[PDB]
Each structure stands twice: as C-alpha cells, then as structure tokens.
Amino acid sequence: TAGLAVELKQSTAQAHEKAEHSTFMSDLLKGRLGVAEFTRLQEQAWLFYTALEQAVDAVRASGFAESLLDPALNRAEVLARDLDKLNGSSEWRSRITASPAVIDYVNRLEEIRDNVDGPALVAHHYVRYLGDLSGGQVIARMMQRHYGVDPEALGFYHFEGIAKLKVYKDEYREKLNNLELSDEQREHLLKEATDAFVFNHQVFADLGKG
C-alpha cells in the first residue's frame, strides 16, 4: 500500500541481512582479509556487471523504465580500470573465470536480456545499483581504511556524473513508484529481487570457499 520502493525494501530485507552478514563480506569489512580478496570480489563483479549492463541496454532500448535506467550508473568500464590498477596490468581479463555462483547469476541476467524482461531487469538494477549507492559507500571507505587501497582503484563506488546521492536515491525510488506495472509484472519483479539477493549471497559464499 506504500508503493513499490517500500515493498521492495521490505520484501528483501531479510535477504539483505543474509548477504551483508556473509562470512566473506563480514571478514572483508572488519579488516580480516585483504586487497587480494577485495580484488577477487571485484573480478567476479566485473563478470556480472557486464551481464547486467547488457540486459539494461536491451530493456532501455525496448522503451521500458527508461528514466530509471540511467547510463551514468554503468560500472563495467570504471570497474575494469579499477581492476587494471589493483592487478597492475590487463592480465586479469584472460585469467579470471566465473565462480559457480556467478555462472548462475550471469545466466539469469542473459535470460533477462534476450527475453527483454523489463520487470526482472528493474529488480536486478535496484538490487545492485542502489546497494552500490548505499552500503557500497561504506565498502569503499573500509577498503581505504583497513587495506590502504588507493581511492583511484575504487572508481566503481564513486559514480562520476552524480553529485548529491541521497537526492539521486530519492528520485530513483520515485521512478520505481511511478513505473506502470500489472499485478503479474509487480509480483515477477518482487520475486526477481529476492533472487538477485540470493545470487549475491552465493557470490560471497563461493568467494569464501576459495
């Protein structure tokens, strides 16, 4: 009854807590791991952002949720520049491979792309980008504080082109609230958002294993 933004936040609250408290991310943010582990995270993130942004491009071109799907949010290119700095060269592009979690995640994003599934893509968009614009700011700060990571290797978290972020988020939620969705599309979107958080928790679990 309070609009889609609120329903998404409430709907995914428990899944958010599970991802945030994963052993890998918990250890990362409290200073127990290192830049190597952060780097492995960001390499997996490059694979799934690449897939997410192909799906965004498809859905944006279809005409669905256009104002929400702001190209300033695109991360794949800044992320690759971060990885170039973290790894010291371009070597990582041909070394990295998708964890099992990331294979499932990418596969689903590729399904959304080729189906041009607007509702599903909005879900995935919200789970990643609003998180980047939220908890990601804390992540960036702790990578600097605990591990001495150069801010220039955290371009992913900076969102060049965006100034006031709370305002940006507020407007993001207004756009969510204003999307024209049938009951079936809204239900599909909410279920997808839970799956997005599920994939993201498993990315952390698989990083935790090796």
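For the two forms, the rigid core is made up of the largest set of C-alpha atoms that agree within 1.5 Å on superposition. Numbering starts at 1 and follows the sequence shown.
K.L.:
Say the other structures are aligned on the rigid core; which stretch then has the higher CA RMS in 5 other deposited structures of this protein, 13-21 or 198-206?
P.N.:
Taking the RMS over all superposed structures in 5 other deposited structures of this protein, 13-21 lies farther out.
K.L.:
Could you check the entry and say whether 53-61 or 166-174 has the higher mean CA B-factor?
P.N.:
Going by the record's values, the stretch with the higher mean is 166-174.
K.L.:
For the higher mean C-alpha B factor in the entry, choose 112-120 or 92-100.
P.N.:
Result: 92-100.
K.L.:
If you check the C-alpha B-factor for each of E184, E43, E37, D27 in the entry, which is highest?
P.N.:
Max CA B-factor in the entry, restricted to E184, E43, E37, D27: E184.
K.L.:
Could you tell me which third, lowest, middle or highest, the C-alpha B-factor of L189 occupies within its chain?
P.N.:
It belongs to the middle third of the chain when residues are ordered by C-alpha B-factor.
K.L.:
What third of its chain's C-alpha B-factors does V203 belong to: lowest, middle or highest?
P.N.:
Its C-alpha B-factor belongs to the lowest third of this chain's values.
K.L.:
Is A153 in the lowest, middle or highest third of its chain when residues are ranked by C-alpha B-factor?
P.N.:
Middle third by C-alpha B-factor.
K.L.:
If you rank every modelled residue in this chain by C-alpha B factor, which third holds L47: lowest, middle or highest?
P.N.:
For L47, the deposited C-alpha B-factor lands in the lowest third.
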